[PDB]
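# Coordinate inspection notes
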Amino acid sequence: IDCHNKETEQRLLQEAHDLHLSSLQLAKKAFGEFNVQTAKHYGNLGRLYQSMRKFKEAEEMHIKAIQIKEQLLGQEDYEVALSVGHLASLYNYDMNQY
Amino acid sequence: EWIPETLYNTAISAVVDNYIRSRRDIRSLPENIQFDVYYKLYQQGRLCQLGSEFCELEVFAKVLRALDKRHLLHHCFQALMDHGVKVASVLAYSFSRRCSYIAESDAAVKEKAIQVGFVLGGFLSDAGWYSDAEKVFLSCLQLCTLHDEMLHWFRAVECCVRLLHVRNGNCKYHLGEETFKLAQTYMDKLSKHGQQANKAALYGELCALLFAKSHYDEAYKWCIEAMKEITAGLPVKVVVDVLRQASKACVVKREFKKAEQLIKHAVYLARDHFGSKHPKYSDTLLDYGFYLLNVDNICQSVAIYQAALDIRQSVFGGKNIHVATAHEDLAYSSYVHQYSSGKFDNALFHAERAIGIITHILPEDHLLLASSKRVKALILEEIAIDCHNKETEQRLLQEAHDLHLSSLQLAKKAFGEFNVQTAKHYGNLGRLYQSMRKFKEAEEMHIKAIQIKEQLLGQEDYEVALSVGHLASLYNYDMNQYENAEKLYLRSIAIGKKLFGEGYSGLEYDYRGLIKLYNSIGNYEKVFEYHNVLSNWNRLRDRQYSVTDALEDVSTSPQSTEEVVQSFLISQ
Amino acid sequence: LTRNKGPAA
Amino acid sequence: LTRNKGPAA
Amino acid sequence: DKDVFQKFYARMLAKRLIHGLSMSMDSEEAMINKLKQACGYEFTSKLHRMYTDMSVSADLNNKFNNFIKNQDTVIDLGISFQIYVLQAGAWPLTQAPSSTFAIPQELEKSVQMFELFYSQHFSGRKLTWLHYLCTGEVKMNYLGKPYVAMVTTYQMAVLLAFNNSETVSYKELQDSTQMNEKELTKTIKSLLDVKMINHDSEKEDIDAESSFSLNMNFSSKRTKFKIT
Amino acid sequence: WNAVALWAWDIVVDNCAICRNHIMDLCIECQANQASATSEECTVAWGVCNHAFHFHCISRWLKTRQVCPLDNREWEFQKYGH
Amino acid sequence: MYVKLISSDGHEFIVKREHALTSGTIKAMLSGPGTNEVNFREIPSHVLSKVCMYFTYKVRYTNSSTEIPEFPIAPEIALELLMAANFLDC
Amino acid sequence: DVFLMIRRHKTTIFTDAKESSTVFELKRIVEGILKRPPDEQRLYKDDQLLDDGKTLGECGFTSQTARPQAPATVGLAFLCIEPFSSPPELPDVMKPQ
Amino acid sequence: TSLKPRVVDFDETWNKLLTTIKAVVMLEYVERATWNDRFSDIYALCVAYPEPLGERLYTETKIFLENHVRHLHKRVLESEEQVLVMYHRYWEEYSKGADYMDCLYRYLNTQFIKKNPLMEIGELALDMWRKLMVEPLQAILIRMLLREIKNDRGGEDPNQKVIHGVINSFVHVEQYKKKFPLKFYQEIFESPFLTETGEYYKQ
Ligand SMILES: [Zn+2]
Ligand SMILES: [Zn+2]
Ligand SMILES: [Zn+2]
């Protein structure tokens, strides 16, 4: 995001996408769908999709992250707060769901 | 489901594990078991205890006589040379000590020190360590020349022809003609006494020496004579080498009708006898890919290099000069194949790997860097002009400039100014200047390229075609001299359709320049005519692609070796 | 895309 | 700085 | 441990759908959707692929029927060929195919025709047939009264070798089907439970020597029956 | 005859090397976001090197590198699923 | 059906024929000239005993579907047994 | 399963013996190859006579100590068991010469 | 006393081997203890130091095979009007001896032959039987059979073992050629057979 060349922007975004997808698959195979680590992977994917201008499924990623974080860590927890903060930053800045 | 491990393998694992107590007792085992013990040492990762054993010539003479399990040995030996232990240099120096000791001993013992010299030298020339195979062969030459005898002179001429090969592989060409003169004296001395030796290997090695020196005419004459000197009783090694180098030096003489027969027969022979996963068959496939690269079959000429690299990378390990040559050849054939498409990440990957290997096992000043820095810059140039960023492409042009300057310096130091290789270097350097926006010396570099090429190669080769096309694209697009580029395009198209026919893939880069030239001069009838010819050429290109495999195009038992040599001798 | 494929070497 | 920091490692 | 519940449900949902028995197909959609509400999509991602194939089942039989009807050559299968393919990575039918088998020529014409349709309608989808779930109606009319028997492919294969000759030795029987021997012991004695074939041999047990003969006086209260 | 056949893709690898998931199942990209949105279009694409990957996996891989992930060869599509 | 192997030290080792036929040159012992005697003078008794134990190990554990355990070739009797394994082609 | 090494003054016998098999079973197996009917010969484990009818489980031939890798050794009397002429001793590496 | 490599006298062990091979090739009396002794000798010969006596053993074995085949070829020639009835039994004995030699030379077969061109010892005997006594006498044996087997349809029955001892003869001497299992037999036996049976096909 802090770069200026658009080709470099897209290439590093896709590299981060590949790294997050590989990490998500490893975590999902190891632990399972309902875990904090998989939820962190989902939140990383959501914020990356926000950074990749794909805001339609960024909301889906963030809500999938929060519904797993708040189910295990309760409605009030640090990871839950960070994930809902990412979702709010997605809503108010780019998806115009003020 | 699970299969039991054999008692032999379990005992091998037991003796290796009980290795410190029984290190000395392994050397008294038969040669069938010594190699398996050392290969188990390699498999376990015990590269240090293996390196402490392969650095002894007494051990390495026994482990070399496992001819069936030789494809594993090259993968162990190389695994040591990447691990750090300079087994090649230590073996060469140990053989130097042994020869200096035995040089005053009996002739019968001296014959054993030559038989050990020949197998070790052939292994080190196969593994690619030509520089450390030069000392072994030189020591064997000293041992065989200290006495004058018929069998000693036979050993002398065989050691000279074997030593000529390792001088070419290390790009020590200036000693190559001296070694040939020495071998010429020895064979003339043999012919004085009546006994004759087969001249095929010795005369064949010149066909590669001069080819690397770009003395194409003398190389072709030596190819003719050496191929005539092929007999039926030769081993398959010499026949494959002679056919391979004859095809190489017949490609550059635009005699593709017979060069094709030579190279395909060589590929057939190498696959049939050596096998589909043998390094000599890999060399044969590499030169077949060179041939297919120079007959406008580039789509066919990458699947042969890839088949000629997957053999060397599964036998010669990671950092070897033979893998390096396969990379630096595939990085160019993929460079040509992807030239229209513009996808140059695979071609660069095989070019930065060739540099990363040659820079590690060869000194800073070596000719094999000149042919590897060149290709890396060639892909580095196309990535830059296809990169929309400018601050990156300027750095890429600077890097390619440094690479081309280094390659030009090495080529000028080796051959000289008036050599074809430096002419191609100047052509590439001017081609780089054309995208570097330095035309005031790009024109001079190109003019030098065409003059040197056309006074050595002649006027009927595709090298001057590429150089003239480069110069005329330099004139047409940016020098704005549209008047004197039309005849250069016409010369290029005429020579291209004469050599490679109407379907030559290089005609697009002249058509799209000449059509632009005619658009900038004001004539439109010629624009329409060349649009029609370009469409005809495109549909011809699309139709005449059978996308077959040359590995399958070459058949089983095409002709016996007599038929191909008689056809080559009659045809010329 | 302006120039030709380049020399063999 | 549009977003917050990463969750964890 | 909800993971072991899915395994005991998939292993038995497969049994329920593969035999054509279900209270209502909408309820199966309703049941799977409700488990998705409980434990997310990934819990029932496999089970949702148990469904959405019976719906495509009718959507594939008619296309195959439309394919064979709109054929250049006239081909008759000679039997009511009902087909439905199942995704291999979803259904828990990974039983070992080590027991090799080849259907005889009567049913060979129909089985090879669908592969030609499948190879061109869909690209790259190979077909691995599961013969232990394929049940088809067979004309059982060699006796006076034409009874109807529900047999599997394995059950029919032994019976098919007896339609040409009413007495075929077990040595020929064990080679005509070239299937596993230990499971062949329970293949024929299942027919003996419904007394399809009389034990012609004098031996109490069944072995390679136990040559058999068809039953002349077989009677059934129900014309159509299930063999267990 | 009510017959049942288990259809599968004729790859011998049985594992997409990009997502590391089983090739019959969904790719990791379809399994994350499109899990509840739309998952029917995740097919498999072959290559000249006879290496087949999830089409979403191989298309995503080609946006950075134009080589086959298993072996560093130029990637050209050979067959799709449609 | 039982074949005996005599070592260099005179020790005799009977074994089932299918157990001794998994070896390389013991098949050459049995084939050719026609309870059978097989004589060795370069094979001591302990290594031949280990070879016979290996025969019993191989035939019992051939095509076993469990985690097969390694054959315990002791470190002291390892080099002599290794050459016996080559010579017997086992 | 149980594998054991029946041996005598010289010679050794390699046989497969079940857990439920009796000592008399092994006696008949030896008689099938070595003759010497079971009344004449007695199977001995480390200076202990084995009853003709007792099950091999009570004799001490458990599957852990009678695996084919290291089969159990039993004596045959008609003791005088001759050793295997042990291999040459290997140095202990750390032994200071 | 041990299977360690040793400096072994090659000519003495070769002379020991010669009598046993002579018994083998002629199917004479073979001593089991001496058979084991010759396996021990072949192993001690193949791995001797400072050089393995493998190539010397192979070349002396092929010298023995060629002079024995020449002697048997003379034995075949000296029996006029009798070559087939003696040929069946003599080929049976030589093929059993070749199997016995492949039995005998197994260590040299699987350690020196397959390592390096060279041929297997068991397959050297059949190939040299083909090369040294079949090439000079390929038409003499066929014509005697052909004029005798074509009378079977006319009534004159041939000898079953003589005619069937050759139908598998040239098949057996090419079994090592996995690329030519029936290639050589068809082009030397069927080629005259098809011309003969064609004449009586219409007559
Ligand atoms: Zn994938
Ligand atoms: Zn997908
Ligand atoms: Zn690939």
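What the deposited record gives as its method is cryo-EM, and the resolution it gives is 3.54 Å.

Scanning chain A for helices and strands turns up four helices and zero strands. Helices and strands in chain A line up, N terminus first, as α-α-α-α. Expected size for 98 residues packed as a compact globule is a radius of gyration near 13 Å; at 14 Å, chain A falls within 12% of this value. Expressed as lengths along the three principal axes of its C-alpha atoms, the size of chain A is roughly 40 × 35 × 20 Å. For chain A, the residues scored as buried account for 50% of the 98 residues in total. Long-range contacts, defined here as pairs at least 24 residues apart, represent 49% of the contacts in chain A between residues at least 6 apart. Accessible area of chain A: about 5,200 Å², with a carbon and sulfur share of 53%.

What follows covers the overall build of chain E. Check the secondary structure of chain E and you find eight helices and eight strands. Its C-alpha atoms give chain E principal-axis dimensions of roughly 60 × 50 × 35 Å. For chain E, with 228 residues in total, the buried portion stands at 42%. On chain E, roughly 12,900 Å² of surface is accessible, and the fraction owed to carbon and sulfur atoms is 53%. Where the 26 positive side-chain charges of chain E centre and where its 26 negative ones centre are 8 Å apart.

A separate point is the coordination of the zinc ion (ligand 3). Residues and elements named next belong to chain F. For the zinc ion (ligand 3), the full set of protein donor atoms is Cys49 (SG), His51 (ND1), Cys68 (SG) and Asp71 (OD), and the range of their distances to it is 2.1 to 2.3 Å. Coordination at the zinc ion (ligand 3) is tetrahedral, judged from the four donor atoms that bind it and the angles of 86 to 128° they form at the metal. Here the donor residues of the zinc ion (ligand 3) are spaced in sequence according to C-x1-H-x16-C-x2-D. Separated by 20 residues along the polypeptide, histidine 51 in the loop between strand 2 (44-45) and strand 3 (53-54) and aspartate 71 in the segment after helix 2 (55-62) bring together distant segments of the chain. Exposure class is identical for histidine 51 and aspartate 71. Each is buried.

A separate point is the coordination of the zinc ion (ligand 2). Residues and elements named next belong to chain F. Protein ligation of the zinc ion (ligand 2) involves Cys27 (SG), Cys30 (SG), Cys42 (SG) and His56 (ND1), the donor distances falling in the range 2.1 to 2.3 Å. Geometry at the zinc ion (ligand 2) is irregular, judged from its four donor atoms and the angles of 78 to 124° they form at the metal. Each donor residue of the zinc ion (ligand 2) belongs to the same chain, and together they define the spacing C-x2-C-x11-C-x13-H. There is no split in this pair, since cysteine 27 and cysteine 30 are both buried.

So, about the packing of aromatic side chains. Tallied over the full model, the rule gives 62 aromatic pairs over all chains. Here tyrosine 147 of chain E and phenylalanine 218 of chain E contribute two aromatic rings whose centre-to-centre distance is 4.7 Å and whose plane-to-plane angle is 55°, an arrangement assigned as tilted. With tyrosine 147 of chain E in strand 4 (residues 147-152) and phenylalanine 218 of chain E in the loop between strand 7 (212-214) and strand 8 (224-226), this residue pair connects regions lying 71 residues apart in the sequence. One exposure class covers both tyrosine 147 of chain E and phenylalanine 218 of chain E, and it is buried. With centroids separated by 6.2 Å and ring planes inclined at 65°, the aromatic side chains of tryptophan 35 of chain I and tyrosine 100 of chain I adopt a geometry described as edge-to-face. Here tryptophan 35 of chain I, found in helix 2 (residues 32-46), pairs with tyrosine 100 of chain I, found in helix 4 (residues 83-104); they are 65 residues apart in sequence, far enough to count as distant.

For the rest of this paragraph, the subject is the pairing of strand 1 (residues 2-9) of chain F. Taken across its eight residues, strand 1 of chain F has seven buried, putting it largely inside the fold. Bridge count between strand 1 (residues 82-87) of chain E and strand 1 of chain F: six bridges; the pairing is parallel. Across the sheet, residue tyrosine 84 of chain E finds its bridge partner in strand 1 of chain F, namely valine 4 of chain F. Sheet topology note: the strand 2 (residues 125-129) of chain E/strand 1 of chain F ladder contains five bridges and is antiparallel. The partner of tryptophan 129 of chain E across the bridge, within strand 1 of chain F, is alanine 5 of chain F.

The next subject is the pattern of salt bridges. Residues and elements named next belong to chain B. A complete count under the given rule lists 45 salt bridges over all chains for this structure. Among the ionic pairs, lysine 69 bridges to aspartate 36, the shortest N-O distance being 2.8 Å. With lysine 69 in the loop between helix 5 (57-63) and helix 6 (71-83) and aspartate 36 in helix 3 (residues 31-43), this pair connects stretches of sequence that are 33 residues apart. Residue classification places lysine 69 among the buried residues on the basis of a relative accessible area of 12%.

The next thing to look at is the interface of chain E and chain F. Between chain E and chain F, the contact holds 36 residues from the first and 21 residues from the second. Broken down by secondary-structure element, the contributors of at least two residues to the side of chain E that touches chain F are helix 2 (25-43), strand 1, helix 5 (105-121), strand 2 and strand 3 (135-140) of chain E. When residues in the side of chain E that touches chain F are grouped by element, the largest group, six residues, is from strand 1 of chain E. Along the lines of polarity and charge, the residues of the side of chain E that touches chain F split into 19 nonpolar, 12 polar and five charged.

Sheet strands line up and pair through hydrogen bonds in the backbone, either parallel or antiparallel. Residues and elements named next belong to chain E. If you walk across this open sheet you meet the three strands as 5-7-6, and the pairing is antiparallel. With one partner strand each, in any of the chains shown, strand 5 (167-168) and strand 6 (197-198) form the two edges of the open sheet. Pairing of strand 5 with strand 7 involves two bridges; the strand directions are antiparallel. Residue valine 168 lies in a different strand from strand 7, and its bridge partner there is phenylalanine 212.

Residues and elements named next belong to chain E. Between its terminal C-alpha atoms helix 4 (residues 54-69) stretches 22 Å, which fits the 22 Å expected from 16 residues at 1.5 Å a residue. Residues of helix 4 that are buried include every one of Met54, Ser57, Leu60, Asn61, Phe64, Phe67 and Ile68, and no others. Projected down its long axis, helix 4 carries its buried residues within an arc of 125°, all on one side. Summarising the geometry of helix 4, the exposed residues directed more than 90 degrees from the buried face are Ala58 and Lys69. Looking at the buried positions of helix 4, the neighbouring elements they touch are helix 1 (2-18), helix 2, helix 3 (47-50), strand 1 and helix 5.

With that settled, the discussion passes to the arrangement of the chains. Here the protein chains form 12 pairs of chains in contact, of which the pair with the most contacts is chains E and F. At the C-alpha level, the nearest point of chain C lies 40 Å from chain D, with no contact between them. The smallest C-alpha distance separating chain H from chain I is 12 Å, and no contact links them.

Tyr38, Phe54 and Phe77 of chain B, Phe40 of chain G together with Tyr105 of chain I are the most contacted members of the largest nonpolar core, which totals 286 residues. Counting residues per element, this core draws most heavily on helix 4 of chain I, at 11 residues. Sequence-distant contacts of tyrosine 38 of chain B, that is, excluding residues within four places in its chain, are made with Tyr19, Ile26, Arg27, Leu50, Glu53, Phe54, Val59 and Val63 of chain B. In this structure, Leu107, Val111, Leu127 and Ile227 of chain E belong to the second largest nonpolar core, which totals 81 residues.

Glancing now at unusual backbone geometry. Geometrically, the link from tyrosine 49 of chain I to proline 50 of chain I is a cis peptide bond, its omega value of 5° lying close to zero. Mapped onto the elements of the fold, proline 50 of chain I is located in the loop between helix 2 and helix 3 (54-77). Positioned with a positive phi, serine 214 of chain B is a non-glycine residue whose angle comes to about 60°. The topology assignment puts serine 214 of chain B in the loop between helix 12 (200-212) and helix 13 (216-228). Positive phi is not limited to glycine here, since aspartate 296 of chain B has a value of about 55°. The residue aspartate 296 of chain B is located in the loop between helix 16 (279-293) and helix 17 (298-302) in this model. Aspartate 296 of chain B sits in the buried class, given a relative accessible area of 16%.

This next bit is on the packing of helix 20 (residues 321-337) of chain B against helix 21 (residues 346-361) of chain B. Residues and elements named next belong to chain B. At a minimum axis separation of 8 Å, helix 20 and helix 21 run at an interaxial angle of 155°. The orientation of helix 20 with respect to helix 21, classified from their angle, is roughly antiparallel. Of the two elements, helix 20 crosses helix 21, and the hand of that crossing is left-handed. Contacts between helix 20 and helix 21 involve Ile321, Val323, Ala324, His327, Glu328, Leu330, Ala331, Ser334 and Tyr335 from the former and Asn346, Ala347, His350, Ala351, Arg353, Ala354, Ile357, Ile358 and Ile361 from the latter. Per-class residue counts for the contact of helix 20 with helix 21 are 12 nonpolar, four polar and two charged.

Another point: the packing of helix 28 (residues 508-521) of chain B against helix 29 (residues 525-543) of chain B. Residue and element names in this part refer to chain B. The N-to-C vectors of helix 28 and helix 29 enclose an angle of 165°; their axes lie 9 Å apart at closest approach. With respect to helix 29, the axis of helix 28 lies roughly antiparallel. By crossing handedness, the relation of helix 28 to helix 29 is classed as left-handed. Between helix 28, through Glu508, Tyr511, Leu514, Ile515, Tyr518 and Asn519, and helix 29, the contact on the second element is made entirely by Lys526, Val527, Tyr530, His531, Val533, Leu534 and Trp537. Looking at the contact of helix 28 with helix 29 residue by residue, the class counts come to nine nonpolar, two polar and two charged.

This part is about the environment of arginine 222 of chain E. Tracing the chain through its elements places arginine 222 of chain E in the loop between strand 7 and strand 8. Considering only alpha carbons, one finds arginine 222 of chain E and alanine 149 of chain E, 73 residues apart in sequence, at a separation of 9.9 Å.

Looking at the element boundaries, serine 49 of chain G is found in helix 3 (residues 45-61). A polar atom in the side chain of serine 49 of chain G sits 2.4 Å from the backbone oxygen of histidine 46 of chain G.

Cut-offs and rules
- Residues numbered from 1 in each chain as written, not as in the entry; some residues may be left out.
- Chains lettered and ligands numbered in written order.
- Part of a larger assembly, values for the part shown.
- Heavy atoms only, no water.
- Residues with missing side-chain atoms left out of burial classes, pairs and counts.
- Helix = DSSP H or I, 4+ residues; strand = E, 2+ residues; numbered from the N terminus.
- Rg over C-alpha atoms; globule rule 2.2 N^0.38 Å.
- Buried < 20%, exposed > 50% of the residue type's maximum accessible area, 1.4 Å probe, protein only.
- Contact = heavy atoms within 4.5 Å.
- Areas by Shrake-Rupley, 256 points an atom, 1.4 Å probe, with all protein chains shown as cover.
- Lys, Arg positive; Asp, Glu negative; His and termini not counted.
- Charge placed at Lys NZ, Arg CZ, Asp CG, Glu CD.
- Donors = N, O, S within 2.8 Å, 3.2 Å for Na, K, Ca; no water.
- Tetrahedral: all angles 85-135°; square planar, octahedral: opposite > 155°, others 65-115°.
- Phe/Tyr/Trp six-rings, centres within 6.5 Å; stacked < 30°, edge-to-face > 60°.
- Pairing = 2+ DSSP bridges.
- Salt bridge = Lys/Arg side-chain N within 4 Å of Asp/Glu carboxyl O.
- Nonpolar A, V, L, I, M, F, W, Y, C, P; charged D, E, K, R; others polar.
- Expected span 1.5 Å × (residues − 1).
- Arc of directions from axis to C-beta.
- Core = buried A, V, L, I, M, F, W, Y, C linked by side-chain atoms within 4.5 Å.
- Axes fitted to C-alpha atoms, helices over the stretch in contact; angles between N-to-C directions.
- Parallel < 35°, antiparallel > 145°, perpendicular 65-115°, else oblique.
- Left-handed = near helix turned anticlockwise from the far one by under 90°.
- Polar contact = N/O pair within 3.5 Å; in protein donor to acceptor, adjacent residues only side chain to side chain.

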